[PDB]
Amino acid sequence: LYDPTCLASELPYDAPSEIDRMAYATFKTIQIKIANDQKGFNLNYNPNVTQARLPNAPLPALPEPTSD
Amino acid sequence: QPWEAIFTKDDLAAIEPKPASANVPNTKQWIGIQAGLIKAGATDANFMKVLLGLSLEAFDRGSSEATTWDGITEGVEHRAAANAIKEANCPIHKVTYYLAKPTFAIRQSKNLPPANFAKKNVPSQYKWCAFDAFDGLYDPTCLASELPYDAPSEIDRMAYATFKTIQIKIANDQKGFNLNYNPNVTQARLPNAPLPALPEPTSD
Amino acid sequence: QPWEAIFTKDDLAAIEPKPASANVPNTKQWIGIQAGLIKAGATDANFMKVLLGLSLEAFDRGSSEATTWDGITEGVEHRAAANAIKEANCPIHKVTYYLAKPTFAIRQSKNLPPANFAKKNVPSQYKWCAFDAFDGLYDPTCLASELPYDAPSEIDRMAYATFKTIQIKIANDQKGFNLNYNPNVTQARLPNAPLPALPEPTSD
Amino acid sequence: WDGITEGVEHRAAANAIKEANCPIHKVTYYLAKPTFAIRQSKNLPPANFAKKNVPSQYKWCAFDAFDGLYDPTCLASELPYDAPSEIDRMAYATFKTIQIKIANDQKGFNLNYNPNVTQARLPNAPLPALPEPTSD
RNA sequence: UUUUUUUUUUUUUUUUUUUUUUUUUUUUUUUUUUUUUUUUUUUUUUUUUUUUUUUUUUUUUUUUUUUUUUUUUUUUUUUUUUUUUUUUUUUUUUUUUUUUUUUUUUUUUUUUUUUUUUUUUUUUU
């Protein structure tokens, strides 16, 4: 929506609006979160070196009920 | 004790030194670029012309980013010219720093904002602040026959500082990679182990 | 009890001492510089001339930065002269501190602002505050036949303090490196382990 | 705002203005007087008068491009009413307060980050805290 | 299914210090969950190095042995109320001037009230 090379014969609404842009930044947080959820996967081995780290070992530990 | 002697202002004014920025290729590196770029098919004035092409690419791409960018310029393919820069042991940004102002000047007159503006989530207020080689806009050694707009403006400078945060962030994202081993010592730390843990839903 | 005796002002005034800054090379270190610099091909007045060249380089480069900077001066290559300074066990800045004012004076008269101004993101208001050896502008032992502009100005001094923050930041960036081992004890802490973790997207 | 004019849709024309890197106000500043003159002769007060809570005394003072009424370069074949009047000018200053207020409401937004650095400051964090019932 | 043909020795300590210091014989089980929900959600191809410090300064300065608990609340009330879609940038300064000018060491507390009276009176149009 901001990319100068992006195609566009006519945009009905200025979604690029700065308010929407900061909202898009907030949206980027979503993109980042999911990236952390999937891109954050630790590729610590190629040839199935599960002896170093087991599959799904990167899974976060269950949250404790205590504050600390 | 020569150091105890007074140099005398008359002699100081006779020095007439030149600024020596380190964000520009060394004379021998400029030659190294020639050895590659001229060899690549560029000649004479095309030397700067092709490098300007890359600087324009760097404007929308970056260091190795512009290096990967293809396209035959008035002298030679961007990648080929980029290789020449690499032969000189410099990043494209190094050359771009020297040709930052003319590069910006071109786009400023053609109204061509940085293509990575969107990617960097830079506020529209700072649309022209997303320039990797913005330092060349202030660098006294940077080339510049005429700049259409005073991008150096202090407001833009603080915006450039904000832009620097972007540069820092990405540096943290890539430069922050922990080179804790050379000969594949994964037993000390596994590949991609530096990857940040997934964020928790709790505040603490 | 000689310490109980009154020295008498008449005798105090008879002392006529000289300021003794530690930001300047020791007399023997000045000689060490001569042993290297004169050996490098410099002679007599060229001793100061070449060092001024380096101070000008330090203005746009820095300690080892100016050391890496090449270019044959009126006496010898900057790097060769820099080696002489290193032979004296001093940084180029050490010499530059002594020759800070004349150096600044040269550029001030030639209107040559620091090339690292852009790199340091120093506000244009403080364009001439980006000077590593700015302390020499106040140092009573620093050489100076004539300074075109009173850079020592208190406003500039506080700006120099802000500049000091830059110096501190970079120190934290490099001097802050944790020398937790000598004989490659990576088992205690791995190389580049001190690298700060990547910033999280959350506020906490 | 849409609507096809004698030449083309308002939005399309607005895009042209944006292509020139200008706000519509920029063009309006030049055409402020003729614009006001049209409405003044047609008795068409600003529709945002109500929104801005502008006193009826200053009904014709709610004009964003009022500066064009004084601007020597602004176009004007004939102005039905001297809106530039000093009384209206001070009213325009009061109107400027409106412009300033909205600027504070939107321009006052703190652009403290570019690449989504919400870790420094979260989105909508600049939002003013809810008013307390106490005087202090 | 893939490696060899990749690199060290010749680098440094002993002769440095403890035992002979203290617990058992102190308390729980017989307390509660499963049968609760996700996958099929998105990134890479984004950018830095080559930027600068050391050689700058403290210790040897002062407290403990000073005071509270045993004082009071819950059982009090809201949601179901309203905005967005409103407007700015592209406006201007630095390079202007002071310090080095004067006080402390001058005087009060220990002087007097509460326990006195209104609301329930009238405008907007």
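Residues numbered from 1 in each chain as written, not as in the entry; some residues may be left out. Chains lettered and ligands numbered in written order. Part of a larger assembly, values for the part shown. Heavy atoms only, no water.

cryo-EM is the method the PDB entry lists for this structure, together with a resolution of 5.60 Å.

**Student:** Just checking my understanding: could you explain the overall build of chain B for this structure?
**Tutor:** A count of helical and extended segments in chain B gives 8 helices and 0 strands. Starting at the N terminus and walking to the C terminus, you meet the elements of chain B as α-α-α-α-α-α-α-α. Here chain B has a C-alpha radius of gyration of 21 Å; the compact-globule value for 204 residues is 17 Å, and the former is much larger. In terms of overall dimensions, chain B has C-alpha extents of about 70 × 55 × 45 Å along its principal axes. Taking as baseline every contact in chain B between residues at least 6 positions apart, the subset at least 24 positions apart corresponds to 68%. In the structure as shown, chain B presents an accessible area of about 10,000 Å², 52% of it carried by carbon and sulfur atoms. Between the averaged position of the 20 positive side-chain charges in chain B and that of its 22 negative side-chain charges there is a distance of 5 Å. (Helix = DSSP H or I, 4+ residues; strand = E, 2+ residues; numbered from the N terminus. Rg over C-alpha atoms; globule rule 2.2 N^0.38 Å. Contact = heavy atoms within 4.5 Å. Areas by Shrake-Rupley, 256 points an atom, 1.4 Å probe, with all protein chains shown as cover. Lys, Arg positive; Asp, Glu negative; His and termini not counted. Charge placed at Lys NZ, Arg CZ, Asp CG, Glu CD.)

**Student:** Would you take a moment to explain the protein's contact with RNA strand E for this structure?
**Tutor:** Residues in contact with RNA strand E amount to 49 residues; listed here are only the nearest, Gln 38 of chain A, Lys 120 and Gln 174 of chain B, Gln 174 of chain C together with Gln 106 of chain D. Counting only the atoms of RNA strand E that lie within 4 Å of the protein, the sugar and phosphate share comes to 55%. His 93 of chain C is positioned such that a nitrogen or oxygen atom in its side chain is 3.1 Å from a phosphate oxygen of RNA strand E. A per-class count over the surface near RNA strand E returns 9 nonpolar, 20 polar and 20 charged. (Near = heavy atom within 4 Å. Polar contact = N/O pair within 3.5 Å; in protein donor to acceptor, adjacent residues only side chain to side chain. Nonpolar A, V, L, I, M, F, W, Y, C, P; charged D, E, K, R; others polar.)

**Student:** Can you help me understand the interface of chain B and chain C in this one?
**Tutor:** Often, the extent of an interface is quoted as the loss of accessible area upon association of its parts. Listed as interface residues are 41 residues of chain B and, on the opposing side, 48 residues of chain C. Summed over both sides, the interface of chain B with chain C buries roughly 3,700 Å², with 65% coming from carbon and sulfur. At the junction of chain B and chain C, the tally comes to 2 salt bridges. As a salt-bridge pair, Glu 4 of chain B and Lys 18 of chain C come within 3.4 Å of each other at their nearest N and O atoms. At the junction of chain B and chain C, the tally comes to 11 residue pairs in polar contact. If one sorts the elements of the side of chain B that touches chain C by residue count, helix α8 (residues 154–174) of chain B sits on top with 6 residues. Here the residues of the side of chain B that touches chain C are counted per class, giving 20 nonpolar, 9 polar and 12 charged. (Buried area = accessible area lost by both parts, 1.4 Å probe. Salt bridge = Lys/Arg side-chain N within 4 Å of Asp/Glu carboxyl O.)

**Student:** I'm lost on the pattern of salt bridges in this one. Help?
**Tutor:** Going through the model one piece at a time under the given rule, you end up with 17 salt bridges over all chains. Between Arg 107 of chain B and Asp 60 of chain B there is a salt bridge, with the nearest N and O atoms lying 2.7 Å from each other. A residue pair is termed long-range when its members are at least 10 positions apart, and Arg 107 of chain B in helix α7 (residues 100–110) and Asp 60 of chain B in helix α3 (residues 46–60) qualify at 47 residues. No difference in accessibility class separates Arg 107 of chain B from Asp 60 of chain B, as the two residues are buried. Linked by salt bridges that have partners in common, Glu 10 of chain A together with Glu 9 and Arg 11 of chain D make up one network. (Buried < 20%, exposed > 50% of the residue type's maximum accessible area, 1.4 Å probe, protein only.)

**Student:** Hey, could you run me through the packing of aromatic side chains in this one?
**Tutor:** The geometry of two aromatic rings is summed up by the distance between their centres and the angle between their planes. Counted by the stated rule, this structure contains 30 aromatic pairs over all chains. Here the aromatic rings of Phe 134 of chain B and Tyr 160 of chain B are separated by 4.7 Å at their centres, their planes lie at 5°, and the arrangement is stacked. With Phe 134 of chain B in the loop between α7 and α8 and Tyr 160 of chain B in helix α8, this pair connects stretches of sequence that are 26 residues apart. An aromatic cluster is defined as three or more aromatic residues linked by ring pairs; in this entry it consists of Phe 134, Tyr 138, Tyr 160 and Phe 163 of chain B together with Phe 117 of chain C. The side chain of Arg 21 of chain A reaches across the aromatic face of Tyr 2 of chain A, ending 4.0 Å from its centre. (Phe/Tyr/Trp six-rings, centres within 6.5 Å; stacked < 30°, edge-to-face > 60°. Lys NZ or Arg CZ within 6 Å of the ring centre and 35° of its normal.)

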